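Colleague: Can you keep this structure in mind? I'll have questions shortly.
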Amino acid sequence: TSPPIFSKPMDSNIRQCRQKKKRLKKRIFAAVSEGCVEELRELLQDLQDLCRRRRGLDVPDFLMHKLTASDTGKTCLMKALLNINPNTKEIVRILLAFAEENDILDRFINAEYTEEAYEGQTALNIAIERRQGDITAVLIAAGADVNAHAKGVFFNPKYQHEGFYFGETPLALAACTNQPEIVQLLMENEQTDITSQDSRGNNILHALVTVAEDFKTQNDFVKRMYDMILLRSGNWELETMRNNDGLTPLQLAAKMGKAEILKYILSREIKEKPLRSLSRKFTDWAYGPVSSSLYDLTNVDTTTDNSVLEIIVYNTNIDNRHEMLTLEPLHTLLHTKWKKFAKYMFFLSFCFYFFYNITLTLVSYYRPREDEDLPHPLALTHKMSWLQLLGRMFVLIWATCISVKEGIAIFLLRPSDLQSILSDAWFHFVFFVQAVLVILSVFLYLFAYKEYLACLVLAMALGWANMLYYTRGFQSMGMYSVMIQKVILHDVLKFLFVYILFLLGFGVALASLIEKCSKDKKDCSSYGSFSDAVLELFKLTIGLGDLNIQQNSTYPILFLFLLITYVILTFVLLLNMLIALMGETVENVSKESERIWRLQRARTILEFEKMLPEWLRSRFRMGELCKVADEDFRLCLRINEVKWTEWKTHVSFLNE
Amino acid sequence: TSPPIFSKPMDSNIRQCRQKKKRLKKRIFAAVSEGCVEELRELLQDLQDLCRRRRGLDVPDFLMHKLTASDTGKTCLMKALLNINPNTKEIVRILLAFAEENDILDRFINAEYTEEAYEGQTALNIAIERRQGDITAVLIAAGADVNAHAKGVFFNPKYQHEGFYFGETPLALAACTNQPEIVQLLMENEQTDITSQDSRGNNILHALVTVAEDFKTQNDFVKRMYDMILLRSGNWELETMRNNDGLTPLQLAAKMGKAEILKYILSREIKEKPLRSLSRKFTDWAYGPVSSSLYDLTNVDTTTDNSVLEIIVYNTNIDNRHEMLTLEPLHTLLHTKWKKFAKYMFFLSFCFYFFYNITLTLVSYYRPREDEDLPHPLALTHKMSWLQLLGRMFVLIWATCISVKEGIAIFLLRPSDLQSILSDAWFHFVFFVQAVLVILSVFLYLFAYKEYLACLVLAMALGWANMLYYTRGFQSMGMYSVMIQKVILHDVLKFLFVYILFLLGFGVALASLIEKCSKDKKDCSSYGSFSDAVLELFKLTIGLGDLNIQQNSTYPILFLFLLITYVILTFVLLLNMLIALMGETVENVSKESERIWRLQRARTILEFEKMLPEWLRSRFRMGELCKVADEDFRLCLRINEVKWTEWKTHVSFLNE
Amino acid sequence: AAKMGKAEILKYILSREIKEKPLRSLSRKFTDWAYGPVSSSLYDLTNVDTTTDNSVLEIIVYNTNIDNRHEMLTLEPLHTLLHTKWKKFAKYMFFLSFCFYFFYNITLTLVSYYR
Ligand SMILES: CCCCCCCC/C=C\CCCCCCCC(=O)O[C@@H](COC(=O)CCCCCCCCCCCCCCC)COP(=O)([O-])OCC[N+](C)(C)C
Ligand SMILES: CCCCCCCC/C=C\CCCCCCCC(=O)O[C@@H](COC(=O)CCCCCCCCCCCCCCC)COP(=O)([O-])OCC[N+](C)(C)C
Ligand code: NA
């Protein structure tokens with residue numbers, strides 16, 4: 001979006017527009033940047049000769065105070081590794097030779113910035129970045145600590161952009177930057193503690209998830225370097241370590257939205273002998289096209305919180321969702337729930353809520369409308385032993401079940417779901433106000449304010465408008481509720497803005513040309529008030545009003561000019577762009593409507609699972625226990641899938 | 001669609017979560033799976049030493065009872081050929097060495113499952129599947145019967161998916177799996193009986209049809225392996241053997257819908273000397289572009305039942321039909337019938353049925369409408385010697401010819417044709433009810449119930465609506481009847497569902513705001529009843545009613561709010577999506593309308609052929625007799641086709 | 001280059017960097033530090049900004065017969081120097097015109113309609 005702002009840059013080439021201490025520092029920092037090799041041995045010989053004319057037991061502290069910048073913590077060796085020259089291999093040798101003779105060596109190698117913006121960045125981070133593996137091998141031989149954590153403002157941005165975040169450790173920098181050979185050069189060195197956490201709490205595997213691309217692209221160098229480090233560890237320690245916000249690297253993969261690393265993590269099978277337990281897919285038999293598989297689902301099903309099925313559905317800012325739902329343990333565990341408990345509970349809602357409106361409509365439409373007997377037609381009003389009184393009791397007790405439950409569902413809703421049609425925020429607002437106006441019509445009848453009938457008529461209106469919610473069961477009618485809502489909130493709300501300006505504008509312009517015919521008693525014009533003349537232009541938009549242009553008004557030609565100017569501007573011009581602008585939109589819905597429906601069916605599957613007791617939820621608890629190795633008890637989900645179109649491709653290529 | 005369910009898997013690697021007999025069996029079945037070669041010779045030496053401490057003449061039965069699983073019939077050698085190792089070549093030698101010393105050998109080789117799900121699967125089937133031709137040559141040298149039929153639940157699925165079906169024989173498994181070299185290795189072995197039938201009755205050639213793809217694709221390994229086996233046989237025995245359901249492999253090719261094998265089978269020409277009779281296309285002379293050909297049509301024309309011209313037209317679930325009709329003996333034998341008997345009989349129906357409605361309309365419209373003389377205007381009612389009485393007799397006798405014949409055509413109609421526009425199921429339902437209401441109007445006039453005129457008016461309505469059927473003769477008007485029926489049953493029936501909810505909803509909502517003006521005697525509102533207020537909203541949809549909003553009703557502002565809320569919801573919003581959703585549909589018809597018309601003309605060609613006597617059908621019997629070889633009498637169809645655009649391509653490449 | 005409309009030579013002339021020793025001054029783009037993806041740059045803008053007449057930002061906007069304009073506005077010293085002006089003085093002055101001219105018509109309409 002917008003570029004960031006950093007105060008001091010990391011290394012500057014351009015000069016911007018005591019002295020003996022100023023004489024000697026800058027001549028070292030400049031000469032190390034172009035790499036004059038003779039100039040290094042001149043200054044450093046005089047520098048140790050300078051420090052002899054200084055108090056002992058404070059001579060190493062004065063020595064580094066020459067070598068260091070004052071405002072930033074950068075030393076001499078850091079600028080050398082930044083500014084690459086052919087003369088680097090000589091001056092690195094001398095800067096290691098000068099550190100040997102004194103006690104400065106351990107202080108010199110592990111130097112970091114003390115600057116607030118770039119803190120912690122050691123010399124070993126700089127050698128890895130510039131594609132210099134051989135200076136990196138010497139700094140390891142010099143004894144640089146490989147657990148160096150560079151916590152800083154620049155190394156921890158608050159957004160995705162405005163910074164660079166890799167994991168604050170030299171092993172994560174090696175793997176994110178497409179550098180294979182440095183990784184085994186660091187991992188086979190036994191002093192490297194792999195399992196260690198940064199300021200965010202991430203280990204090595206969380207970082208590689210955050211540097212991927214969700215699209216399937218040409219090269220996937222964050223995917224293969226994820227794999228090389230995992231097998232070399234050979235344990236479940238890197239997989240199940242959980243960060244500060246309580247996510248594992250599979251649960252983080254669904255959170256960020258990376259839809260290609262996540263396809264790998266489900267479908268791992270390693271079939272060699274010592275590396276057997278790392279697999280999450282187990283194939284037990286195959287025969288031609290047919291193959292059976294046992295998926296793991298230890299953290300996929302909803303038996304625990306923050307499951308990777310719950311994260312995909314209920315969370316937006318995940319841009320691509322439907323490409324994640326079509327994965328194999330995710331597609332089956334929605335479809336297997338649909339045939340067992342979920343298709344009947346959606347049917348029982350449509351039976352009661354359609355029998356709720358028939359009981360509401362007949363009560364209001366056949367009510368006593370005479371003043372001599374005006375009961376409330378609901379809630380019995382009296383004691384008459386009237387027929388069908390299992391109905392009027394049924395309206396009121398179901399009106400509280402809708403009011404309270406959606407009133408809970410209003411509150412427990414994040415601000416992310418308010419701004420998208422993909423989320424069902426809009427239906428909890430329309431079912432709720434239908435429950436309010438019913439119980440208010442009993443509440444306003446009782447206190448005798450006597451506006452009760454207006455709220456009950458609006459209750460019968462929205463009571464049949466919300467029957468369009470239950471069309472999301474079919475596929476042929478499920479697209480027709482989505483395609484309406486992609487037309488209203490996109491385009492039609494841009495139409496009713498501009499059309500008001502032409503309605504408001506000519507509304508006063510025609511009202512000012514008449515003198516009041518209510519003084520004339522004839523009511524000759526229908527354009528008397530502003531509220532009348534606006535209405536007579538609305539009938540001229542649909543085609544309902546009549547051009548009674550024989551008019552006893554001041555300047556009747558100008559009154560006839562503006563009516564023709566109105567019809568050209570808004571009947572042929574604006575209303576036939578709205579057909580031409582909806583035509584772009586409806587074709588853009590029809591290609592991708594089948595994806596949006598399967599999401600909005602997969603939201604009411606997981607809601608009806610949460611409305612279950614614990615025994616009945618565990619009655620439909622899918623999966624069995626398995627023993628796939630020595631000392632192992634895992635969960636399984638047998639899928640006997642068959643692949644005709646893929647098997648013919650594999651067997652055809654093998655001969656030729 | 002949905003995956004299948006099988007009880008016991010074929011071979012399991014994963015353990016699920018007397019003892020001396022339990023001690024020795026599992027140590028054989030495990031050691032044969034990883035292939036420790038020393039462990040085999042330890043157990044089998046002790047096993048024959050174990051059987052000596054057992055009753056003689058029951059020693060081989062006890063021996064196999066160790067080697068076999070109890071619940072399934074799988075033996076030791078089957079798990080070896082499944083679990084491929086580098087140590088298979090040793091343990092196959094020893095398992096053949098151990099079978100030699102006893103009388104177990106013939107029992108050991110031909111072992112099958114006795115399991116219900118996987119019955120009949122021998123060891124020779126398993127060696128072919130794992131791409132192991134060399135173990136297959138040894139098992140033939142061991143003496144495995146090649147006629148092994150594996151009838152089973154898994155080897156015979158009821159659908160296309162949920163199983164694997166290849167033909168239940170090791171020759172069909174060799175050919176379906178893209179394995180050329182094993183085929184001649186089985187066919188040149190003289191013990192292989194090629195002509196043999198499975199549970200479905202199929203021979204070798206029926207199976208290869210059922211494993212193809214109807215699309216023309218990159219590789220066609222089921223097409224070439226069909227050809228290699230046919231010439232090596234060199235006889236008409238494999239072609240004309242007919243299965244249990246009475247189809248030949250050409251008639252089965254049209255039934256399943258495979259449209260690429262079928263193109264090959266028509267156009268075969270083999271021009272070598274001993275292989276001459278197998279061809280179905282005969283070229284006698286050619287000269288540049290022009291070439292003449294004699295097609296075979298022994299089982300193509302409709303002179304016998306289940307002809308391959310009758311199967312394509314009258315049967316659906318064949319997805320692609322029009323790509324099959326454009327083949328060369330199928331395209332000519334429809335077009336040659338169109339110029340001889342079929343274009344006149346379609347003309348004679350349009351002449352009579354248009355002269356049937358003029359006689360019907362003039363009789364009803366110029367009837368005696370006075371009460372002083374009210375005859376039935378048809379069927380003479382009297383004896384007056386009235387003029388033009390060759391007309392009223394003509395209506396009634398033709399009304400029975402329509403009623404009975406379509407009433408036969410109602411019954412003899414499969415449930416497959418009821419669910420598609422491609423089938424003419426809908427026209428037999430509308431011509432039939434037009435014949436009923438005419439003969440009922442004479443039947444209801446006679447018994448003096450006196451509702452006769454209502455049925456006769458509906459008879460005049462559908463009598464001109466069915467004249468849209470006879471537009472299928474032209475091409476310019478033939479698309480316009482198809483494009484109507486792809487708009488009604490797709491989209492408009494989804495419109496009249498949602499529009500009812502907005503009509504039903506505001507119908508009660510506006511009816512509840514008025515007190516009954518029939519008590520006021522003025523009839524001031526047109527919104528009195530529910531049946532009135534729904535009608536006044538229907539006129540506001542087209543543009544016919546008038547917004548008489550000056551209304552003496554309770555809360556007149558809310559009555560004015562809902563009318564504007566109705567017009568926005570359904571005149572600008574819903575009715576202009578229906579134009580925008582028909583626009584997707586009509587362009588999707590216009591590209592493929594020319595294909596759907598040629599099918600619906602090719603249905604009334606074969607119907608008018610069935611309405612012929614035997615002499616007049618044999619009068620137009622196409623084709624002559626031929627003698628294309630020694631002792632041969634076949635049918636022929638000479639086509640002198642010319643190919644300019646193909647001949648220029650062939651002759652241009654030949655120089656360069 | 002902006003006058004005639006040539007939109008490919010102009011992309012080169014902005015983004016020249018020569019890093020050899022005697023040929024240093026000819027560059028109009030200066031890179032001072034980079035680290036992985038992040039890179040900083042100093043553009044020249046001696047004749048790009050509107051501090052003088054016939055600037056190459058004024059020629060692109062106010063002159064037609066330049067067929068392709070929007071491919072020229074997306075260049076890097078031209079895209080930033082429009083967006084940086086939008087957050088400092090330009091978005092408020094467009095807001096003050098919409099406030100006065102909408103309060104100009106309400107004062108006009110009420111005066112004529114209630115006359
Ligand atoms: C498909 C939809 C599009 C079709 C629209 C086609 C365009 C319009 C089509 C037809 C317009 C109607 C023509 C009839 C004229 C009325 C009669 C009349 O009064 O005569 C008057 C002259 O005529 C006028 O000057 C009338 C004033 C406006 C008429 C149109 C002018 C331009 C409209 C806006 C231009 C575009 C604005 C927007 C730009 C995009 C003189 O009257 P009189 O001398 O006093 O005596 C006559 C007696 N009488 C009054 C009883 C008769
Ligand atoms: C191209 C098609 C689209 C264009 C449509 C554009 C939108 C509509 C365009 C124009 C609407 C017509 C305006 C005229 C008002 C009537 C006069 C009146 O009664 O004044 C009343 C105020 O006004 C009202 O409140 C009337 C009630 C509803 C009017 C519209 C409200 C929102 C409609 C639904 C919103 C969207 C719902 C669906 C969401 C998608 C007050 O009356 P009074 O104080 O008692 O005294 C006046 C005396 N008299 C009554 C005799 C006059
Ligand atoms: Na119209």
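Ordered as shown in the structure tokens, chains take letters A, B, and onward, while each chain numbers its residues from 1 and ligands are numbered from 1 in the order shown.
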Near region 543-549 of chain A, within 8 Å and counting only C-alpha atoms, which residues show up once chain neighbours fewer than 4 positions away are dropped, as JSON, numbers by chain?
Modeller: {"A": [536, 537, 539, 560], "B": [543, 544, 545, 546, 547]}
Colleague: Deliver the residues from the most recent selection as a file, using N, CA and C atoms, as a PDB file, in the first residue's frame.
Modeller:
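Final output, saved to out-v1.pdb:
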ATOM      1  N   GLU A 536     -45.287  12.656  -8.641  1.00  0.00           N
ATOM      2  CA  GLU A 536     -45.767  12.620 -10.019  1.00  0.00           C
ATOM      3  C   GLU A 536     -44.624  12.434 -11.005  1.00  0.00           C
ATOM      4  N   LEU A 537     -43.382  12.596 -10.548  1.00  0.00           N
ATOM      5  CA  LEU A 537     -42.247  12.246 -11.391  1.00  0.00           C
ATOM      6  C   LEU A 537     -41.876  10.781 -11.223  1.00  0.00           C
ATOM      7  N   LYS A 539     -44.081   8.348 -11.019  1.00  0.00           N
ATOM      8  CA  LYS A 539     -44.977   7.595 -11.883  1.00  0.00           C
ATOM      9  C   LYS A 539     -44.570   7.735 -13.343  1.00  0.00           C
ATOM     10  N   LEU A 560     -43.039  22.257 -19.929  1.00  0.00           N
ATOM     11  CA  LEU A 560     -43.072  21.149 -20.876  1.00  0.00           C
ATOM     12  C   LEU A 560     -41.666  20.777 -21.326  1.00  0.00           C
TER      13      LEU A 560
ATOM     14  N   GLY B 543     -47.297  -2.643 -15.646  1.00  0.00           N
ATOM     15  CA  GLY B 543     -47.481  -1.249 -15.973  1.00  0.00           C
ATOM     16  C   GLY B 543     -48.890  -0.892 -16.374  1.00  0.00           C
ATOM     17  N   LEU B 544     -49.891  -1.534 -15.782  1.00  0.00           N
ATOM     18  CA  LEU B 544     -51.272  -1.381 -16.205  1.00  0.00           C
ATOM     19  C   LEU B 544     -52.136  -0.681 -15.168  1.00  0.00           C
ATOM     20  N   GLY B 545     -51.873  -0.902 -13.878  1.00  0.00           N
ATOM     21  CA  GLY B 545     -52.676  -0.296 -12.841  1.00  0.00           C
ATOM     22  C   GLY B 545     -52.298   1.146 -12.580  1.00  0.00           C
ATOM     23  N   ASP B 546     -53.061   1.782 -11.696  1.00  0.00           N
ATOM     24  CA  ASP B 546     -52.905   3.199 -11.404  1.00  0.00           C
ATOM     25  C   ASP B 546     -52.704   3.401  -9.910  1.00  0.00           C
ATOM     26  N   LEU B 547     -51.717   4.223  -9.555  1.00  0.00           N
ATOM     27  CA  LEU B 547     -51.353   4.465  -8.161  1.00  0.00           C
ATOM     28  C   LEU B 547     -52.329   5.468  -7.566  1.00  0.00           C
TER      29      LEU B 547
END
Colleague: Quick one: pick out all strand (DSSP E) residues within chain C from a backbone DSSP run and write them as a list in words.
Modeller: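 Going through chain C, the strand (DSSP E) residues come out as residues 29, 30, 31, 32, 33, 34, 35, 38, 39, 40, 41, 42 and 43 of chain C.
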Colleague: Would you list the residues that come within 6 Å of ligand 1? Count only C-alpha atoms and all ligand atoms and give the answer as number ranges by chain.
Modeller: A: 557, 560-561, 564-565, 568
Colleague: Could you please extract the residues within 12 Å of ligand 3, counting only C-alpha atoms and all ligand atoms, and hand them back as a PyMOL selection string?
Modeller: (chain A and resi 540-544+571-572+575-576) or (chain B and resi 540-544+571-572+575-576)
Colleague: Write out as a count of residues only all residues of region 37-79 of chain B that backbone DSSP assigns to alpha helix (DSSP H).
Modeller: 27
Colleague: Residues of chain A within 12 Å of chain C, counting only C-alpha atoms - could you list those as a VMD selection string?
Modeller: chain A and resid 1 to 6 8 to 15 34 79 82 to 83 125 to 131 154 to 155 161 to 166 173 to 174 176 to 178 211 504 to 515 529 to 530
Colleague: At what distance in Å, to one decimal, does CA of residue 524 (chain A) lie from CA of residue 500 (chain A)?
Modeller: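 One can read the CA of residue 500 (chain A) to CA of residue 524 (chain A) distance as 26.5 Å.
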Colleague: For chain A against chain B, which residues fall within 7 Å using only C-alpha atoms, given as a list in words?
Modeller: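 Within 7 Å of chain B on chain A, we get residues 284, 285, 365, 457, 460, 461, 464, 543, 544, 579, 583, 586, 625, 626, 627, 628, 640, 641, 651 and 652 of chain A.
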Colleague: At a cut-off of 12 Å, using only C-alpha atoms, what residues contact residue 207 (chain B)? Leave out same-chain residues fewer than 5 positions from it and give the result as a count of residues only.
Modeller: 30
Colleague: Find the residues around region 303-305 of chain A up to 12 Å (only C-alpha atoms counted), leave out those fewer than 5 positions away in its own chain, and share them as a PyMOL selection string.
Modeller: chain A and resi 246-247+251+297-298+310-311+606+609-610+614+617-618+620-623+635
Colleague: Between CA of residue 330 (chain B) and CA of residue 594 (chain B), what is the distance in Å, rounded to a tenth?
Modeller: 17.5 Å
Colleague: If you take only C-alpha atoms and all ligand atoms and a cut-off of 6 Å, which residues of chain A touch ligand 2, and what are their nearest atom pairs and distances in Å to one decimal, in chain and number order, as a Markdown table?
Modeller:
| residue | atom | partner | partner_atom_place_in_ligand_line | distance |
| --- | --- | --- | --- | --- |
| A:496 | CA | ligand 2 | 6 (C) | 5.9 |
| A:531 | CA | ligand 2 | 17 (C) | 4.5 |
| A:532 | CA | ligand 2 | 52 (C) | 5.3 |
| A:534 | CA | ligand 2 | 14 (C) | 5.4 |
| A:535 | CA | ligand 2 | 14 (C) | 4.5 |
| A:538 | CA | ligand 2 | 10 (C) | 5.9 |
Colleague: Okay, now the selection with C-alpha atoms, as a JSON list (two decimals), in the first residue's frame?
Modeller:
[["chain", "number", "residue", "atom", "x", "y", "z"],
["A", 496, "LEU", "CA", -30.43, 4.97, -6.12],
["A", 531, "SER", "CA", -44.21, 15.99, -1.78],
["A", 532, "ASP", "CA", -46.78, 15.87, -4.58],
["A", 534, "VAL", "CA", -41.83, 14.33, -6.54],
["A", 535, "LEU", "CA", -44.48, 11.61, -6.58],
["A", 538, "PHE", "CA", -41.96, 8.76, -9.90]]
Colleague: At a cut-off of 12 Å, using only C-alpha atoms, what residues contact residue 413 (chain A)? Leave out same-chain residues fewer than 2 positions from it and give the result as a PyMOL selection string.
Modeller: chain A and resi 314-315+406-411+415-419+423-426+428-429
Colleague: Might you pull out every residue within 8 Å of residue 77 (chain B), with only C-alpha atoms counted and same-chain residues fewer than 6 positions away left off, and present them as a PyMOL selection string?
Modeller: chain B and resi 92+95+123
